[PDB]
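Asker: Just my_file-v2.pdb, nothing more (PDB, C-alpha atoms):
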ATOM      1  CA  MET A   1      -3.305   8.382  -8.166
ATOM      2  CA  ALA A   2      -3.346   4.579  -8.523
ATOM      3  CA  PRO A   3      -0.090   2.956  -7.315
ATOM      4  CA  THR A   4       0.653   1.175 -10.584
ATOM      5  CA  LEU A   5       0.611   4.592 -12.309
ATOM      6  CA  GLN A   6       2.774   6.249  -9.705
ATOM      7  CA  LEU A   7       5.455   3.641  -8.966
ATOM      8  CA  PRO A   8       8.245   3.604 -11.527
ATOM      9  CA  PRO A   9       8.548   0.440 -13.614
ATOM     10  CA  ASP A  10      11.923  -0.411 -12.054
ATOM     11  CA  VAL A  11      10.277  -0.593  -8.624
ATOM     12  CA  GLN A  12       7.332  -2.594  -9.928
ATOM     13  CA  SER A  13       9.885  -4.951 -11.492
ATOM     14  CA  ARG A  14      10.626  -6.507  -8.095
ATOM     15  CA  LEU A  15       6.931  -7.474  -7.746
ATOM     16  CA  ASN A  16       4.682 -10.164  -9.264
ATOM     17  CA  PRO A  17       1.253  -9.389 -10.753
ATOM     18  CA  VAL A  18      -0.691 -10.392  -7.624
ATOM     19  CA  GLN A  19       1.517  -8.165  -5.480
ATOM     20  CA  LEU A  20       0.709  -5.290  -7.847
ATOM     21  CA  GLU A  21      -3.003  -6.139  -7.547
ATOM     22  CA  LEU A  22      -2.672  -6.107  -3.748
ATOM     23  CA  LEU A  23      -1.136  -2.604  -3.918
ATOM     24  CA  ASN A  24      -4.040  -1.343  -5.970
ATOM     25  CA  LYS A  25      -6.630  -3.005  -3.751
ATOM     26  CA  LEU A  26      -5.047  -1.674  -0.542
ATOM     27  CA  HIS A  27      -4.921   1.825  -2.030
ATOM     28  CA  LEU A  28      -8.587   1.661  -3.045
ATOM     29  CA  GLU A  29      -9.577   0.511   0.438
ATOM     30  CA  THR A  30      -7.365   2.426   2.883
ATOM     31  CA  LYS A  31      -6.991   5.754   1.095
ATOM     32  CA  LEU A  32      -3.291   5.810   1.953
ATOM     33  CA  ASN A  33      -1.276   7.463  -0.784
ATOM     34  CA  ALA A  34       0.774   5.257  -3.120
ATOM     35  CA  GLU A  35       3.955   5.635  -1.059
ATOM     36  CA  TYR A  36       2.400   4.603   2.234
ATOM     37  CA  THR A  37       0.285   1.903   0.577
ATOM     38  CA  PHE A  38       3.517   0.430  -0.722
ATOM     39  CA  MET A  39       5.060   0.632   2.726
ATOM     40  CA  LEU A  40       2.091  -1.084   4.388
ATOM     41  CA  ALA A  41       2.134  -3.841   1.805
ATOM     42  CA  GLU A  42       5.846  -4.312   2.444
ATOM     43  CA  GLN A  43       5.383  -4.253   6.235
ATOM     44  CA  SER A  44       2.595  -6.853   5.921
ATOM     45  CA  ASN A  45       4.879  -9.146   3.935
ATOM     46  CA  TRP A  46       2.409  -8.811   1.015
ATOM     47  CA  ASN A  47      -0.560 -10.332   2.831
ATOM     48  CA  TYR A  48      -3.882  -8.568   2.546
ATOM     49  CA  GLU A  49      -5.415  -9.740   5.820
ATOM     50  CA  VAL A  50      -2.229  -8.880   7.724
ATOM     51  CA  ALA A  51      -2.066  -5.465   6.066
ATOM     52  CA  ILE A  52      -5.671  -4.596   6.930
ATOM     53  CA  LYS A  53      -5.336  -5.851  10.506
ATOM     54  CA  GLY A  54      -2.054  -4.012  10.892
ATOM     55  CA  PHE A  55      -3.591  -0.831   9.515
ATOM     56  CA  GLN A  56      -6.667  -1.122  11.741
ATOM     57  CA  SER A  57      -4.482  -1.657  14.824
ATOM     58  CA  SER A  58      -1.830   0.990  14.073
ATOM     59  CA  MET A  59      -3.961   3.917  12.873
ATOM     60  CA  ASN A  60      -2.626   6.264  15.517
ATOM     61  CA  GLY A  61       0.894   5.735  14.194
ATOM     62  CA  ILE A  62       0.211   7.036  10.700
ATOM     63  CA  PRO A  63       0.955  10.704   9.942
ATOM     64  CA  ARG A  64      -1.505  12.868   8.095
ATOM     65  CA  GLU A  65       0.997  13.159   5.236
ATOM     66  CA  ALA A  66       0.368   9.471   4.420
ATOM     67  CA  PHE A  67      -3.127  10.290   3.198
ATOM     68  CA  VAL A  68      -2.201  13.289   1.074
ATOM     69  CA  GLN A  69      -2.293  12.747  -2.686
TER
END
Any chance you could give the structure as structure tokens?
Answerer:
Amino acid sequence: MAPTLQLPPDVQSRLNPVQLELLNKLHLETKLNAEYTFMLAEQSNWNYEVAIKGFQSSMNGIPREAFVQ
């Protein structure tokens, strides 16, 4: 389920269109569920390269539940 379909509008309200695009792109690439994709994006301070590098270097910290959806 694509993040922009799963996140309620009132949560998406705090985000600009390129942040929403980043969420969708990160979801398509990492296969994290929408919740954890959102968290990674937040943790990365909404920076794609930082998010991917963070993901690639913290894989062993991510529970299996993060990929379920």
Asker: Which residues, written as a list in words, have at least one atom at most 12 Å from residue 35 (chain A), with only C-alpha atoms counted and residues fewer than 5 positions away on the same chain left out?
Answerer: residues 1, 2, 3, 4, 5, 6, 7, 8, 11, 23, 24, 26, 27, 40, 41, 42, 65, 66, 67, 68 and 69 of chain A
Asker: Take the residues from that selection and put them in a file with C-alpha atoms, as a short mmCIF file (atom, residue, chain, number, x, y, z; two decimals), keeping the file's coordinate frame.
Answerer:
data_model
loop_
_atom_site.label_atom_id
_atom_site.label_comp_id
_atom_site.auth_asym_id
_atom_site.auth_seq_id
_atom_site.Cartn_x
_atom_site.Cartn_y
_atom_site.Cartn_z
CA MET A 1 -3.30 8.38 -8.17
CA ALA A 2 -3.35 4.58 -8.52
CA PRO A 3 -0.09 2.96 -7.32
CA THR A 4 0.65 1.18 -10.58
CA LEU A 5 0.61 4.59 -12.31
CA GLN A 6 2.77 6.25 -9.70
CA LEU A 7 5.46 3.64 -8.97
CA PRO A 8 8.24 3.60 -11.53
CA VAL A 11 10.28 -0.59 -8.62
CA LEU A 23 -1.14 -2.60 -3.92
CA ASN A 24 -4.04 -1.34 -5.97
CA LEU A 26 -5.05 -1.67 -0.54
CA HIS A 27 -4.92 1.82 -2.03
CA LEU A 40 2.09 -1.08 4.39
CA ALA A 41 2.13 -3.84 1.80
CA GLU A 42 5.85 -4.31 2.44
CA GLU A 65 1.00 13.16 5.24
CA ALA A 66 0.37 9.47 4.42
CA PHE A 67 -3.13 10.29 3.20
CA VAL A 68 -2.20 13.29 1.07
CA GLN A 69 -2.29 12.75 -2.69
#
Asker: In Å, with one decimal, what is the gap from CA of residue 62 (chain A) to CA of residue 36 (chain A)?
Answerer: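 For CA of residue 62 (chain A) relative to CA of residue 36 (chain A), the distance reads 9.1 Å.
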Asker: Quote the spacing between CA of residue 61 (chain A) and CA of residue 19 (chain A) in Å to one decimal place.
Answerer: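 The value is 24.1 Å.
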Asker: Where does the PyMOL selection byres ((chain A and resi 53) around 12) land in this file, that is, which residues does it pick, as a PyMOL selection string?
Answerer: chain A and resi 26+30+40-41+43-44+47-52+54-59
Asker: Find, counting all atoms listed in the file, the residue in A:29, A:39, A:34, A:46 that gets nearest to residue 17 (chain A).
Answerer: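 Checking each candidate against residue 17 (chain A), we get A:46 as the closest.
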Asker: To one decimal place in Å, what is the distance between CA of residue 10 (chain A) and CA of residue 28 (chain A)?
Answerer: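 CA of residue 28 (chain A) lies at a distance of 22.5 Å from CA of residue 10 (chain A).
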